[PDB]
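A single chain comes next, written as structure tokens; it is the form deposited without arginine (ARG).
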């Protein structure tokens, strides 16, 4: 498709959408905040080579004015063609990344440099690390054909089915999924279904449930979703606080998948994802930790965690601790911010 010219129908819906955002005087989305009339007028007639327009970017945040973010990338090239809108939204949302920065090449780092965080189990309830990936050579959800979903699933399942040892497990397609399996996966908190209204409006649920499925290892410490928001959502999780083991399992899985399937990647934004909140390392690390002594002063807790760019959220003195930074640092740096921040928080708890 050409870089220029959208048809009259698309132009008309785009104008109607801008007006709807403006008429919404109280709308809080980053879309409303960053799509100025000047940016809109500059990029409204552009297209990617896949034929995606600005409407394929903003429609979800127009249909759902209460979105927090409110745009998605219909294909990898949208991040460039429509960078005038994506850039300010990305650099607003993410911590420590600014226009002109280039996200570093992937580096999981030296796993041996991770210690043991809470061997006794006195503090940390559970530990999770989540990543996402898109498959190189395909558009993203709004542009995928029925044939695309089938081919991506075949490739993903070929990789997952060959996982050995710690990672060995079972793939469950959504296509034909039995009520028995739905019930079992719900109990494990492993099931996804057809997307909510934000994904529906983004045209991310086309040809449902073709190409969609759920994989987990037998120990239920490794989970993969195929074709939900991204081609791959990859999670390592376990009870207790052994961040080294959780991260090592994740690294082993992603490396093994990459040997067969390259991932969509951008020179400045890192790994490309359907929602721009998942860019860079894509890392969403989360530890539930009991800090009842530090709970007497939430501000010193928030402040101490913030020295390592960690976010504190009460869930009772139990907190969800997570990495603020996903872009502009390596995977090793992000997971080490969690390790070092949690180390300081535990020392503070013991000292109080």
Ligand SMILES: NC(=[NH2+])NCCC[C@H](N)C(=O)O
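Numbering follows the first chain given and starts at 1.
J.: Can you count, per the entry, how many deposited residues between residue 315 and residue 316 come without coordinates? Answer none, 1 to 3, 4 to 9, or 10 or more.
T.: Gap between residue 315 and residue 316: 4 to 9 unmodelled residues.
J.: Mean CA B-factor: is it higher for 278-286 or for 192-200?
T.: According to the PDB entry, the answer is 192-200.
J.: What stretch has the higher average Cα B-factor here, 297-305 or 47-55?
T.: Looking at the record's C-alpha B-factors, the answer is 297-305.
J.: Please work out which residue in 108, 171, 123, 86 has the highest C-alpha B-factor recorded for this crystal structure.
T.: Among 108, 171, 123, 86, the PDB entry lists the largest C-alpha B-factor for 123.
J.: How does residue 119 rank on Cα B-factor within its chain, lowest, middle or highest third?
T.: As the PDB entry reports it, the C-alpha B-factor of residue 119 lands in the highest third of its chain.
J.: Sorting the chain's modelled residues by C-alpha B-factor, tell me whether residue 147 ends up in the lowest, middle or highest third.
T.: Highest third.
J.: By the record's CA B-factor, is residue 64 among the lowest, middle or highest third of residues in the chain?
T.: Within its chain, residue 64 is a highest-third residue by C-alpha B-factor, going by the deposited values.
J.: Taking the values exactly as deposited, rank residue 218 by C-alpha B-factor within its chain and report the matching third: lowest, middle or highest.
T.: Tercile = middle for this residue's CA B-factor.
J.: Classify residue 326 as lowest, middle or highest third according to the C-alpha B-factor given in the PDB entry, relative to its own chain.
T.: It falls in the bottom third of the chain.
FYI, the form deposited with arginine (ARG) bound isn't displayed, but the following is about it.
J.: Select, from the options 60-68, 316-324, 36-44, 300-308, the stretch whose residues sit within 4.5 angstroms of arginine (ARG) in the deposited bound form by heavy atom distance.
T.: Among the candidates, contact is made by 60-68.
J.: Have a look at 84, 166, 77, 229 for me and say which one sits with a heavy atom within 4.5 Å of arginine (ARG) in the deposited bound form.
T.: Contact residue from the list: 229.
J.: Under a 4.5 angstroms heavy atom criterion, identify the one residue in 254, 125, 261, 275 near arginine (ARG) in the deposited bound form.
T.: By the 4.5 Å heavy-atom cutoff, the listed residue in contact is 275.
J.: Looking in the deposited bound form, any heavy atom of residue 192 within 4.5 Å of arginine (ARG)?
T.: No, residue 192 sits far enough from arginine (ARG) in the deposited bound form that none of its heavy atoms falls within 4.5 Å.
J.: Using the partner position in the deposited bound form, report whether residue 198 sits within 4.5 Å of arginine (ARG), counting heavy atoms only.
T.: Contact with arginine (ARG), yes.
J.: Residue-level contact is defined here as any heavy atom of the residue lying within 4.5 Å of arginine (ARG) in the deposited bound form; does residue 140 satisfy this criterion?
T.: Residue 140 lies outside the contact set for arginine (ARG).
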